[PDB]
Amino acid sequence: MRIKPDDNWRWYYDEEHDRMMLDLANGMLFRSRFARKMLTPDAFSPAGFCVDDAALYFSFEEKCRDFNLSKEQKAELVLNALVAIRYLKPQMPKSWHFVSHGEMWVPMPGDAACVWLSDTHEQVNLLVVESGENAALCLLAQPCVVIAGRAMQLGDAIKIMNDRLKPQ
């Protein structure tokens, strides 16, 4: 495997570029997708990467093996998922942008999900990171997409309603 979690990793908030980061260490850094706006007040205090984060990392890594992405992309995808799980504030679920399915499906963390955009009918691929019973928090699991007016790229968060999500 390409990157392997190590005792030396540190989460820290970068004041100047306004983004959660991981120190890798050894000259390497990972700048996540998430800025102050989206972090819980935990985030603002450096913390070691712990066994629990290691564990989530290993599961996510395997759950993503078969997504259609560069192994560099899979890494960024899984590292943002840890940031989201650990530090993201609660999200306001989105509904009406996506083709609705008459049944609700229970989606588990680590699942590959599609939604359909209700105007373009373009399929978009997500990774599920957190469940709920109405809403599921997902990360965008493809290089980019345009949603409301907004553009988003790989790693970006969005809470979607379970009736809009579907297995790949």
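Throughout, we count residues from 1 along the sequence that is shown.
Comparing 123-131 with 48-56, the stretch with the higher mean C-alpha B-factor in the PDB entry is 123-131. When 147-155 is weighed against 12-20, 147-155 comes out higher, by mean CA B-factor as recorded in the entry. The PDB entry gives the largest Cα B-factor of the residues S70, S100, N26, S32 to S100. For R86, the recorded CA temperature factor ranks within the middle third of the chain's modelled residues. Split the chain's modelled residues into thirds by C-alpha temperature factor. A113 is in the middle one.
In this PDB entry, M104 carries a Cα temperature factor that places it within the highest third of its chain's modelled residues.
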